[PDB]
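These notes are about the structure you will find just below.
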Amino acid sequence: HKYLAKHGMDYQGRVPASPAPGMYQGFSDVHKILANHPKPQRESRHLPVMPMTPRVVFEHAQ
Amino acid sequence: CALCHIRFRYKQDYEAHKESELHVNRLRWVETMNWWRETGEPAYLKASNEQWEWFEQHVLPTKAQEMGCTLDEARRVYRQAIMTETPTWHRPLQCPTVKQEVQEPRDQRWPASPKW
Amino acid sequence: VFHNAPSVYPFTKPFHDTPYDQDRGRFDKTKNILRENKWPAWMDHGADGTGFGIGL
Amino acid sequence: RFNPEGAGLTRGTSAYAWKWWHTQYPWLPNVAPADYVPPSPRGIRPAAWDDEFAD
Amino acid sequence: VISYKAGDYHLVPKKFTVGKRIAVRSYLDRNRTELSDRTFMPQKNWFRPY
Amino acid sequence: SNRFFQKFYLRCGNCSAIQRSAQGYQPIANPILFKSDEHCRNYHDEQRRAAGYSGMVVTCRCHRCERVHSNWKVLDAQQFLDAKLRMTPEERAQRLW
Amino acid sequence: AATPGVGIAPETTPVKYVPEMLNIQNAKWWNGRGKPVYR
Amino acid sequence: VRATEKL
Amino acid sequence: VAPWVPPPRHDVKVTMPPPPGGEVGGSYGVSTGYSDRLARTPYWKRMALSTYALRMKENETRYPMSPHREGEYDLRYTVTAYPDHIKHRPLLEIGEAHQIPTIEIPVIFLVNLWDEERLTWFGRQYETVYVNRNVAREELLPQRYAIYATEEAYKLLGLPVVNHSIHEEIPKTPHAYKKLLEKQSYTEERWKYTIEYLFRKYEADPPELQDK
Amino acid sequence: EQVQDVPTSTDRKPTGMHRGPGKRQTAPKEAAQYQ
Amino acid sequence: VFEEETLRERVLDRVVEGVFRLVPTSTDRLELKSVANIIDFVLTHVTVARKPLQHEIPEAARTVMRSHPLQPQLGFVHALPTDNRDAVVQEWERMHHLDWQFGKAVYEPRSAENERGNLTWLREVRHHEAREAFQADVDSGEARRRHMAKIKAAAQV
Amino acid sequence: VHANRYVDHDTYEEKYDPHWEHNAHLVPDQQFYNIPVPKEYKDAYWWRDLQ
Amino acid sequence: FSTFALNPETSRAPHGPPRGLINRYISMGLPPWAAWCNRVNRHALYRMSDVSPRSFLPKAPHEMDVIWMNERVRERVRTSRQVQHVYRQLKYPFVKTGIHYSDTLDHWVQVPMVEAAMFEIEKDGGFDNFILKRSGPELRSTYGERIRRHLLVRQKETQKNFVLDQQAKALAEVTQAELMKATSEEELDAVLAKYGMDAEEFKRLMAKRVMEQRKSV
RNA sequence: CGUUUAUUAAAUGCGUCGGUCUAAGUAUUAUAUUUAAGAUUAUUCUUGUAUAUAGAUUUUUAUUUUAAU
Ligand SMILES: [Zn+2]
């Protein structure tokens, strides 16, 4: 829906996982408007860091 | 029959409607209203004028000298407001009956009456 | 005493059901709006994942 | 259950609209950033638009 | 003279009114089919003056 | 229908002649064949006179300008003494009786 | 969860059924919370 | 501007 | 917490309490006024600041009436301090049907207005006309053609003050109105009831003796 | 009185769209109009 | 909707840069993608251009409004009632013509007043003509006399 | 406090009206001792003078 | 109550204290519905003598919005049909949409008001005066206090917009003594430059006026 | 094929069908119901409710409701 519009084709390739930095920035509890993936990032290029939601910290505690 | 808001379900009465007491009466009413607007009103308030202006020129001159005032001033003592007249706002058309019917003992009882 | 609202009987009764409404009282529930709280955010939900700043 | 960036929302309210019913958040009206001041008839003309054009 | 045929000024502009009486509008008369141009045409904006 | 007596002091508007017009005893419409409209509006109307002609046009003929009009201001009898006591002894012959 | 017990009156006539309409006694000393407001 | 308009 | 409790409403007189509230504009329900300014100042003080010629002007008993609410009985002598219920009664009593008919009010026209349908005059300029209650409010007043014919409206315009008794009494029944039309037809449009207007028919020869 | 031939009806559209007794007949305000 | 870059640049260099010689920032170029928004963006940056009206008064006329007897009270704008709250809850209510309704009024500052039927205008133009008439005495001096007649009524008593 | 204040055409501020304080109706308050308002605008505060 | 046909008015009861039962309750001020009480306890003839009316306001006096001039929701005790059950009910007044033209603020304004206000408005000379002579706790409205403010401004704006006509006529009068002769149209600039009342605005404004001499003919 | 306080030809549920709705939601739709899917078929006849109705009642049966001794 963003490759089809800008390229005139079906993507016809494996889509990258790990949503691009800058997507879903207003969302707060994504977890569904995503896979259970983390909120992607800021629109930055800094190294990926898990936004330590209360959930991620619990997994560390497991 | 939009005139009287009537949908007709049975034929043979849609025919007998045009002279029905509902239609013919609604005909008279929506007509006499036209009469009032067509001829009446533009002539009724014509005469209402042609008598007032008669007064304020044929009678009020002499009347203003009776108050000892100026002529223009009396046109606010003899007509404090011009209550024109409409179909919707007539003062009683007929001065009510002066000789009222005589009361009677109740059920035509004659030597007075024990009860009411 | 449900009708402590601006009396408007033939018009639409603005807000009627919406969060910022009259005819619902003052010390009511349904006041999530008023989430504005003087206390800093971090002390009612921790500064990070481990609920650090939490407390009184 | 809200969806910010929802291409509805009137684009002023994406936080205040989580509250408000489904039936009332599309209609919530556009107002201002609450810090945007009215268009002000001040005298600052674009840097290079210049007079003759401005006049 | 100032002519006047009656049935002229309604006291309320003829948009906000029924024959006489201002009419009620309450976001329930309105459809959601307007406001659906938002999917492409973005809402009005307040461009701050530079 | 006023069971009780009361005299007002009506002040004309044309000549301000404070004339007094009383209200006698006019008996109640018969209760034997009762009529609910003619009674309960006889009574409610009676409070409206008893409170100094509250919601009624006053129609009495003047004594100074001999004519009947509807221009009277009903004076409560301590607004009357406010007026009567404050008129030179000659105008008491003019406006009062 | 709650109940006014009065039943919401029309939005035009906001008050039908005052408790006095039923010859109710609500002295502050009798049932406590009594004394009405239209008073 | 009002004093203007009189003249 | 009340810092600076206000002073009583009408405490302006030196040796008598201020009139009760409500009468001055406040809350009814209490008969006797009281002001702690007056009750604290010892008696000689209250007799110092005042001469005998003055107390007889503020002793002054306006007994039934109220000196402040002009025209209404003093609310410290009624059965209870509330306003007189009887004078200010709602227009509909507790049982009657609302058959208050259409009423036509007097308005002072301000511009020579000339109907183009009846081709005659709604009203000359500066003459009071009895117009409908919902022509006046909705068509004659919003445009500046007319105003009401109140006493003070006459004062503002330059006309001899005339008392139309504008809604001095509303009629609650058609035949209770069609009597009020008879009263108002006499005071207002009086030329209808002259010995000269009752005899336009006869200012000259009885018609049966004139030419043809 | 010679004017008592009031048509027992009137043009006014009957309020009360549904149905019932007393519809579409003269009113004592309309009976004084035609009079 | 001027969305595709090829279309926006085809309009922005011509109308907002060419015709008007305006220049839009990057973040506003985002929402500057419709005929409705192009009109407003101009109609803010051209409204912020009119030199703020310069209230400049002369001197010769200035001394008139000073010595003139009748001066203006001029504080009323504050008495006006405030409707301050969240702008959305304040403007949601004006969902329709809730403007002149229920004791509200869109007060636009008015500089001239209609004189016909305006009670509060005739209510003072007579009170003024009752001030010019009283002022006539003090001009001639019948006020001082009629005022000096009180103290001679209030002296021998 | 700024209602009915002759603006003077030198300092463009309110001239000190000595009369104003006499046509002023001190409406009370909790965070203020007694706010002064001109007489004409007194009735809008009818509840606070009753509270 | 007397039985004769024509009972001319008189000072006192002509035939002794009026007989009958309903004359017994009128002789004590009560209304003629006391004839239908089964118990007339000392509270009852208090209750029904209307010493203080059993009648209240729908909302608080402070929160009241719709302009109820002098009304309450009086309860009307009705007796039912064939089997006479007595029940009571609260009867309201009739509130109309008061869509008036208050010429103070030269625009229509709507405040819902009981019928009794739509009469006492016209008895007061306008809608605004009815807002203005009533006072606070008397006009116990809330809309009436939002529209009194605009009324108090848009009056003190007329008075302000009046003194314009007295500061303008002052200039117009005092400048005419310097528009005295049409010798120099370079001087008409200087007199206008004196009061800073520019020419380009005045010249065409007078032109539009002589055209208005031709627009009005 | 689910689901129930004395646990099931209880009551759900899909389809069809009847009625309602084009100024709050898409009339191959959603409200409001009666039935029960699948497969055959779905008969005869009307006195009342409803609809339509014409100041109302009283009258009055295209479809629907209930009825058929
Ligand atoms: Zn007289």
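Please note that chains go A, B, ... in the order of the structure tokens, that every chain numbers its residues from 1, and that ligands are numbered from 1 in the order shown.
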
Item to check | Contacts with ligand 1 at most 12 Å, only C-alpha atoms (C1' of nucleotides) and all ligand atoms counted, listed as a PyMOL selection string | outcome: (chain F and resi 10-20+59-73+94-96) or (chain I and resi 187)

Checklist entry - Counting only C-alpha atoms, which residues of chain A come no farther than 12 Å from chain D, as a list in words? => result residues 23, 24, 25, 26, 27, 28, 29, 30, 31, 32 and 33 of chain A

Resulting file, chosen residues, C-alpha atoms, as an mmCIF file, in the first residue's frame:
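Dumped everything to selection_11.cif:
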data_model
loop_
_atom_site.group_PDB
_atom_site.id
_atom_site.type_symbol
_atom_site.label_atom_id
_atom_site.label_comp_id
_atom_site.auth_asym_id
_atom_site.auth_seq_id
_atom_site.Cartn_x
_atom_site.Cartn_y
_atom_site.Cartn_z
ATOM 1 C CA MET A 23 6.256 4.525 12.227
ATOM 2 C CA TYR A 24 3.444 4.360 14.794
ATOM 3 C CA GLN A 25 4.632 7.322 16.814
ATOM 4 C CA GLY A 26 1.275 8.510 18.123
ATOM 5 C CA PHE A 27 0.208 5.008 19.135
ATOM 6 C CA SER A 28 0.830 4.206 22.783
ATOM 7 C CA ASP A 29 -0.096 0.546 23.447
ATOM 8 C CA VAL A 30 0.668 -0.839 20.014
ATOM 9 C CA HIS A 31 1.028 -4.534 20.829
ATOM 10 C CA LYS A 32 -1.864 -5.178 18.372
ATOM 11 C CA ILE A 33 -1.355 -2.517 15.741
#

Checklist entry - Mind listing as a ChimeraX atom specification which residues of chain K are within 12 Å of chain H, counting only C-alpha atoms? => result /K:55,57,61,64-65,111-112

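When only C-alpha atoms are used to compute distances to residue M:71, the closest of the residues M:53, M:17, M:93, M:196 turns out to be M:93.
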
At most 12 Å is the cut-off: for each residue in chain J with any atom that close to an atom of stretch 74-93 of chain B, write down the nearest atom pair and the distance in Å rounded to one decimal, counting only C-alpha atoms, chain first then increasing number, as JSON lines.
{"residue": "J:1", "atom": "CA", "partner": "B:93", "partner_atom": "CA", "distance": 10.4}
{"residue": "J:3", "atom": "CA", "partner": "B:93", "partner_atom": "CA", "distance": 10.5}
{"residue": "J:28", "atom": "CA", "partner": "B:88", "partner_atom": "CA", "distance": 11.3}
{"residue": "J:29", "atom": "CA", "partner": "B:88", "partner_atom": "CA", "distance": 7.8}
{"residue": "J:30", "atom": "CA", "partner": "B:88", "partner_atom": "CA", "distance": 8.2}
{"residue": "J:31", "atom": "CA", "partner": "B:88", "partner_atom": "CA", "distance": 10.2}
{"residue": "J:32", "atom": "CA", "partner": "B:88", "partner_atom": "CA", "distance": 7.7}
{"residue": "J:33", "atom": "CA", "partner": "B:87", "partner_atom": "CA", "distance": 5.0}
{"residue": "J:34", "atom": "CA", "partner": "B:87", "partner_atom": "CA", "distance": 7.5}
{"residue": "J:35", "atom": "CA", "partner": "B:93", "partner_atom": "CA", "distance": 8.3}

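By chain and then residue number, the residues within 12 Å of residue G:23 are residues 17 and 18 of chain G; 87 and 88 of chain M, counting only C-alpha atoms (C1' of nucleotides) and disregarding those fewer than 5 positions away in sequence.
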
Checklist outcome for this item: atom CA of residue M:91 to atom CA of residue I:92 measures 10.4 Å

Item to check | Residue list (alpha helix (DSSP H), DSSP) for chain J, as a ChimeraX atom specification | outcome: /J:30-34

Residues from the last selection, N, CA and C atoms, saved as a short mmCIF file (atom, residue, chain, number, x, y, z; two decimals), in the first residue's frame:
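For reference, part34.cif as written:
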data_model
loop_
_atom_site.label_atom_id
_atom_site.label_comp_id
_atom_site.auth_asym_id
_atom_site.auth_seq_id
_atom_site.Cartn_x
_atom_site.Cartn_y
_atom_site.Cartn_z
N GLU J 30 -62.38 31.13 14.68
CA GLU J 30 -62.75 31.18 13.27
C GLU J 30 -64.22 31.49 13.08
N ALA J 31 -65.07 31.07 14.01
CA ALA J 31 -66.49 31.38 13.89
C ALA J 31 -66.74 32.87 14.07
N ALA J 32 -65.83 33.57 14.72
CA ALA J 32 -65.94 35.02 14.82
C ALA J 32 -65.28 35.72 13.64
N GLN J 33 -64.37 35.06 12.94
CA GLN J 33 -63.86 35.62 11.70
C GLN J 33 -64.97 35.75 10.68
N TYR J 34 -65.52 34.62 10.24
CA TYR J 34 -66.57 34.65 9.23
C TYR J 34 -67.74 35.51 9.66
#

Next on the checklist: What's the separation between atom CA of residue I:159 and atom CA of residue M:122, in Å to one decimal place?
Outcome noted: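 Atom CA of residue M:122 lies at a distance of 19.2 Å from atom CA of residue I:159.
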
Next on the checklist: Neighbouring residues of residue C:49 were defined as those with any atom within 10 Å, considering only C-alpha atoms (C1' of nucleotides); residues of the same chain fewer than 6 positions away were excluded. Please report them as a PyMOL selection string.
Outcome noted: chain A and resi 51-58

Generate the output file for the selected residues, C-alpha atoms, as an mmCIF file, in the first residue's frame.
data_model
loop_
_atom_site.group_PDB
_atom_site.id
_atom_site.type_symbol
_atom_site.label_atom_id
_atom_site.label_comp_id
_atom_site.auth_asym_id
_atom_site.auth_seq_id
_atom_site.Cartn_x
_atom_site.Cartn_y
_atom_site.Cartn_z
ATOM 1 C CA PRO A 51 11.649 1.051 24.973
ATOM 2 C CA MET A 52 11.493 -0.429 28.447
ATOM 3 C CA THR A 53 7.770 -0.855 28.696
ATOM 4 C CA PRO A 54 6.560 -2.530 31.879
ATOM 5 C CA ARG A 55 6.368 -5.669 29.760
ATOM 6 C CA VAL A 56 9.943 -5.818 28.493
ATOM 7 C CA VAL A 57 11.284 -5.368 32.004
ATOM 8 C CA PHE A 58 9.197 -8.311 33.191
#

Next on the checklist: Can you tell me, as a PyMOL selection string, which residues in chain L count as strand (DSSP E or B) by DSSP?
Outcome noted: chain L and resi 7+14+24-28+34-38

With N, CA and C atoms retained, write the just-selected residues as a CSV table (one decimal), in the first residue's frame.
chain,number,residue,atom,x,y,z
L,7,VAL,N,-9.9,57.7,30.1
L,7,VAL,CA,-8.6,57.6,29.6
L,7,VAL,C,-8.1,59.0,29.3
L,14,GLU,N,-6.0,55.2,32.8
L,14,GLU,CA,-7.2,55.7,33.4
L,14,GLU,C,-6.9,56.9,34.3
L,24,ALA,N,-19.1,52.6,43.3
L,24,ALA,CA,-18.5,51.3,43.3
L,24,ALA,C,-19.1,50.5,44.4
L,25,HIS,N,-19.5,49.2,44.1
L,25,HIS,CA,-20.1,48.3,45.0
L,25,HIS,C,-19.2,47.2,45.3
L,26,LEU,N,-18.6,47.2,46.5
L,26,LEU,CA,-17.5,46.2,46.8
L,26,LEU,C,-18.1,44.8,46.9
L,27,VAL,N,-17.9,44.0,45.9
L,27,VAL,CA,-18.3,42.6,45.9
L,27,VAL,C,-17.3,41.8,46.7
L,28,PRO,N,-17.6,41.1,47.7
L,28,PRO,CA,-16.6,40.4,48.5
L,28,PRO,C,-16.0,39.2,47.8
L,34,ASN,N,-12.3,42.7,49.3
L,34,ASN,CA,-13.6,43.2,48.8
L,34,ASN,C,-13.3,43.8,47.4
L,35,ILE,N,-13.6,43.1,46.4
L,35,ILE,CA,-13.3,43.6,45.0
L,35,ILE,C,-14.3,44.7,44.7
L,36,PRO,N,-13.9,45.9,44.2
L,36,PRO,CA,-14.8,47.0,43.9
L,36,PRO,C,-15.3,46.9,42.5
L,37,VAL,N,-16.6,47.0,42.3
L,37,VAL,CA,-17.1,47.0,40.9
L,37,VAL,C,-18.1,48.2,40.8
L,38,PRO,N,-18.2,48.8,39.7
L,38,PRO,CA,-19.1,50.0,39.5
L,38,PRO,C,-20.6,49.5,39.8

Next on the checklist: Contacts from chain D to chain K, 7 Å maximum, only C-alpha atoms: show me the residue list as a count of residues only.
Outcome noted: 12

Item to check | Contact set, chain I to chain F: 8 Å, only C-alpha atoms, as a ChimeraX atom specification | outcome: /I:62-65,71,86-87,93,163,165,168-170,183-184,186-187

Requested write-out: N, CA, C and O atoms of the selected residues, as a compact mmCIF listing (two decimals), in the first residue's frame:
# COMPACT_ATOMS: atom_id res chain seq x y z
N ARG I 62 -44.28 54.61 57.72
CA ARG I 62 -45.05 54.36 56.51
C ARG I 62 -45.70 53.01 56.74
O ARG I 62 -45.14 51.97 56.38
N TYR I 63 -46.88 53.00 57.37
CA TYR I 63 -47.26 51.79 58.08
C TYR I 63 -47.56 50.61 57.15
O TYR I 63 -46.78 49.66 57.15
N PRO I 64 -48.62 50.60 56.36
CA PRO I 64 -48.83 49.41 55.53
C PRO I 64 -47.82 49.35 54.40
O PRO I 64 -47.19 48.32 54.17
N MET I 65 -47.64 50.46 53.70
CA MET I 65 -46.77 50.48 52.54
C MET I 65 -45.32 50.28 52.95
O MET I 65 -44.96 50.34 54.12
N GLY I 71 -45.23 50.99 46.19
CA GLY I 71 -46.48 50.39 45.78
C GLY I 71 -46.80 49.06 46.43
O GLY I 71 -47.91 48.55 46.22
N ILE I 86 -50.09 37.96 46.02
CA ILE I 86 -51.34 38.27 45.33
C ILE I 86 -51.11 39.25 44.19
O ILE I 86 -51.72 39.13 43.13
N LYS I 87 -50.23 40.23 44.39
CA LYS I 87 -50.03 41.24 43.36
C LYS I 87 -49.29 40.66 42.16
O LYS I 87 -49.59 40.99 41.01
N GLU I 93 -54.01 30.84 36.63
CA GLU I 93 -54.30 30.27 37.93
C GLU I 93 -54.23 28.75 37.85
O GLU I 93 -54.05 28.17 36.78
N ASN I 163 -50.78 57.50 28.08
CA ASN I 163 -50.80 56.22 28.77
C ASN I 163 -51.77 55.30 28.05
O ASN I 163 -52.98 55.37 28.29
N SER I 165 -51.90 52.34 28.76
CA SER I 165 -52.00 51.21 29.66
C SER I 165 -51.62 49.94 28.91
O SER I 165 -52.39 48.99 28.80
N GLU I 168 -51.79 46.70 30.71
CA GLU I 168 -52.10 46.95 32.11
C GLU I 168 -52.89 45.79 32.69
O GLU I 168 -52.78 45.48 33.88
N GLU I 169 -53.68 45.12 31.86
CA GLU I 169 -54.31 43.88 32.25
C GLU I 169 -54.48 42.99 31.03
O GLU I 169 -55.01 43.42 30.01
N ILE I 170 -54.03 41.76 31.14
CA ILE I 170 -54.15 40.77 30.08
C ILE I 170 -55.46 40.02 30.27
O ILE I 170 -55.82 39.71 31.42
N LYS I 183 -63.28 48.72 26.31
CA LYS I 183 -62.66 49.75 27.13
C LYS I 183 -61.62 50.51 26.32
O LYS I 183 -61.57 51.74 26.35
N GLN I 184 -60.78 49.79 25.60
CA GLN I 184 -59.71 50.45 24.87
C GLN I 184 -60.23 51.17 23.65
O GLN I 184 -59.58 52.10 23.16
N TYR I 186 -62.71 53.05 23.78
CA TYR I 186 -63.23 54.30 24.30
C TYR I 186 -62.11 55.28 24.63
O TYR I 186 -62.14 56.43 24.21
N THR I 187 -61.12 54.83 25.39
CA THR I 187 -60.08 55.76 25.79
C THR I 187 -59.20 56.14 24.62
O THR I 187 -58.86 57.31 24.45

Given only C-alpha atoms, how would the per-residue table for chain I near chain J read, listing every residue at most 10 Å away with its closest atom pair and distance in Å to one decimal, sorted by chain and number, as a tab-separated table?
residue	atom	partner	partner_atom	distance
I:101	CA	J:29	CA	8.8
I:102	CA	J:29	CA	9.7
I:174	CA	J:29	CA	8.4

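Computed from the coordinates, the atom CA of residue K:80 to atom CA of residue L:4 distance equals 13.1 Å.
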